[PDB]
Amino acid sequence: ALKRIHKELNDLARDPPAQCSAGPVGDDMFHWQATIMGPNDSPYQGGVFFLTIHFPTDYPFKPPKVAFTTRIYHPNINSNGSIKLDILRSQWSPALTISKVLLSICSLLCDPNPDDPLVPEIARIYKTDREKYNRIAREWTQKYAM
């Protein structure tokens, strides 16, 4: 796992995506911290959202564990930062690098699945009153991500 993780880190330094940033916490290559910038023209705009990444020892054959530490309002991310997302579980591919995983999660923010939600109350609001959904997500971005 280590050699591939070092390569990803080096490959990131050369050319990180505009939307995200990541690297080791302290002296531990298996534990990273990451940022996702809220997409422009979304209720998350202007937000910087922090995440923890834990690479298992059989990475990349098994997915990294990824969770938000910044609170975020979303049908598929709970108050503990847990992300319910198929590419972190049964739809993992070993070719996904941490950069692509973070971009994938970022693309989930404006593309939730309210029909199979992690937070049912938020999903009902998203489906019935999108202006209310957007207002609350904006308020949480202000309170936690700025």
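Note that residue numbering begins at 1 and tracks the sequence as displayed.
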Selected stretch [higher average CA B-factor]: 116-124 or 85-93: 116-124
Comparing average C-alpha B factors as deposited, tell me which of 134-142 and 8-16 sits higher. 8-16
From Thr70, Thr52, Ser79, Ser107, residue of greatest CA B-factor: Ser79
When you compare the CA B-factors of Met29, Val66, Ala34, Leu103 as listed in the entry, which one comes out on top? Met29
